[PDB]
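Below, in structure tokens: the form deposited in one PDB entry, a single chain.
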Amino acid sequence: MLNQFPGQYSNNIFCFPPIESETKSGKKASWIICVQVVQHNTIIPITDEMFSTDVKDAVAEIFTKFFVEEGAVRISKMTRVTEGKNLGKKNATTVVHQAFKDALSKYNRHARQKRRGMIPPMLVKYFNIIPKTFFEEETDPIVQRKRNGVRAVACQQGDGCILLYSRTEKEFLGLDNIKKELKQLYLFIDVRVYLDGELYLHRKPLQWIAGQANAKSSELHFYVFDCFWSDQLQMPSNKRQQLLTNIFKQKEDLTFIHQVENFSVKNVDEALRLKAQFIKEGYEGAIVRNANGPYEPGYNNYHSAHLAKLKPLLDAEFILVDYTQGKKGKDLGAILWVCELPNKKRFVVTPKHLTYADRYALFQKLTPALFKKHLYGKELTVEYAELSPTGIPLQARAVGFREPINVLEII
């Protein structure tokens, strides 16, 4: 299929992307290679069918065009492809398909003769909250599913090696099914691009997925949800996702590598419905990306404020050790609980099922005495997001106690 090759198609002539460079004189140079199909002294339009079956007396011609900054163009002689290769085998190529292969050959080699390490993948700062600025952009944010697998970044070392490394900046062993497909895909795409994704196979626990990724069965898939260039880390998230989609338009025959579906939302409610939907399809949640977010690598565990994860909260039990009130605004005068981690380190937990009138009334009517006799030392189940690395649970809310009490009635 055409458009699997990089470049623009126009007036029946397909041209690969111009490769620009500087010369000794300091002027700008451009070099372009182009493919055309000639039958009966006529350039005919290129069709997807002629990649499977030849057309009678059609000849493919390849030529290059070269010119300095605002100078006259120079053309090469036409190399005529009149015949496919591996002509007897199942490897056989059509004339047209073989010409594009030779064109992409000369193109990739020209790029190599006239032209990179591991970058830590970007990390998500926000958790079940979407900053209002996400919907103040000219473009709507993107929503993606949140797969509970193992994270991996792909790149090509320039010598030709495909690098698959981890969130801990560690190269992966095995995954030959994926590295094989990445080697194929990198012939058709810019070799400097980093592909950022998740190793995963659906309906499988993370212990199994992490088991295959770390160990040295070729059954995992690679779901790419982002890309970036080392020299253009400020490129907006939106533009990075159009480029990523042009990369995957090229190859749709891949079996183990997949682009992650992108969803547009205009408000928080649209986003929370997609998060609901992905949980029922068995995923871990949703990812929200600001449309103008740059690529902020996670150097020294840095989290970007232009992504948000939408996940369900974790469950745990803690010992209630004290109570207090909120400080800021509406939370001022509203009661908060103080649980404690086994390290005697303590944290605030928010009553989830009480109105603000209750939180005000409860903090007014409670005494150190009545809390020592009825609440101290009780076990309290706490929905929380993450543990601050401090170990403190973040965004902690009290679901309820084991032994059920009504705190409104305590005397």
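Rigid core here is just the name for the largest C-alpha set that superposes within 1.5 Å across the two forms. A residue's number is simply how far along the shown sequence it sits, counting from 1.
The protein also exists as the form deposited in another entry; that form is not presented, and the subsequent description refers to it.
Core superposition between the shown form and the other one leaves every listed residue (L272, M235, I319, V124) with a C-alpha shift below 2 angstroms except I319.
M78 is among the residues whose C-alpha shifts by 2 Å or more between the shown form and the other one once the rigid core is aligned. With a cut-off of 2 Å and the rigid core superposed, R203 has a Cα displacement that falls short of the cut-off between the shown form and the other one. Once the cores line up, the CA of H97 ends up 2 angstroms or more apart between the shown form and the other one. Cα of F100 to Cα of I162: at least 3 Å longer in that other deposited form than in the shown structure. The Cα-Cα distance between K328 and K309 is lengthened by 3 Å or more in that other deposited form relative to the form shown here.
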